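Below, in structure tokens: the form deposited in one PDB entry, a single chain.
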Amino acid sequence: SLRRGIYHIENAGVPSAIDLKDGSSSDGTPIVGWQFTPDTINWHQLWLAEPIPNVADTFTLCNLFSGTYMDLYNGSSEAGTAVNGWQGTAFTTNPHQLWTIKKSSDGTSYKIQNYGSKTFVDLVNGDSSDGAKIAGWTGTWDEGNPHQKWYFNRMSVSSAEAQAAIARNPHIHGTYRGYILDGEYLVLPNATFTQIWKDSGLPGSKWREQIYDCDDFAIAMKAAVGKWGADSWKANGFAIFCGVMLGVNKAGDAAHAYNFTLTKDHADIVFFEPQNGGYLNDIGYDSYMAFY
């Protein structure tokens, strides 16, 4: 089953992602194929999949940027029916905005079926053009047709997945305790994480004993990523991944506060030094506390 989380949905045939055109919140904004840049935030191309509790393999798909929902226009079963962004809610009963999402016959890509119409999300003609129509279209669960096959590239971790990445790490103190604040986290590329750090003003901050020392830098960086999340996205029901860690050196006679983020493969953490914007696989401290 598709997990709850944020996905970049990429056609199996051509390198086009499902895109809410101009990220517009207007009802009836076309959802189109568009090219994408890996290891960036693709601002109009991120979809929060919310499982519908009492319907198997069925979701709403909320555009992270617009906060509007993937909607089959008037729920029509006609091939070529418009797929648009439309106002809704995460657990709607509106079958226009309900999508059964299951593995295709290649066992890696998915097909996306409208719960009402039983027609599939289709990149019309496999057109690779920026702004290519996406429509509801007749099809089957089993056929190879790449127009209707979609890789769900997972952009978020659960709290359980973040916990696992930390526990993997070789720099966790025996006394470590972790404090989980949210359920589902957007993982930033370092390029974006760095940009939030720059736009925070922290690069200009001076170290001062107690009054602006490591703990103030680390907490200011987490607050800045929290502020960026709320200000950047209109969807709800997720957080941005940015950890704070307290650590102690091997000698046990010096402590440090710093940040951490997750690798591209979501499997491991990477330490971030908010006093200089460095990423490190070893920051010279073993974490005894984290909150994220």
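All residue numbers are counted from 1 along the displayed sequence. Between two forms, the rigid core is defined as the largest C-alpha subset superposing within 1.5 Å.
The same protein has a further form, the form deposited in another entry, not shown here; the description that follows concerns it.
Participant: If you fit the rigid core between this form and the one not shown, which of 267, 248, 55, 223 ends up with a C-alpha shift of 2 Å or more?
Facilitator: Meeting the 2 Å or more criterion is only 248.
Participant: Residue 172: after superposing the rigid core, is there a C-alpha shift of 2 Å or more between this form and the one not shown?
Facilitator: Yes.
Participant: Taking 2 Å as the cut-off, check whether the CA of residue 182 shifts that much or more between this form and the one not shown after a rigid core fit.
Facilitator: Superposed on the core, residue 182 moves its C-alpha 2 Å or more between this form and the one not shown.
Participant: So the C-alpha spacing of residue 181 and residue 212 changes by 3 Å or more in the other form; is that change toward closer or farther than shown?
Facilitator: Relative to the shown form, the pair is farther apart.
Participant: Check residue 223 against residue 181 at the C-alpha atoms and report closer or farther in the other form, compared with the shown form; the change is 3 Å or more.
Facilitator: They are farther apart; the C-alpha distance rises by 3 Å or more in the other form.
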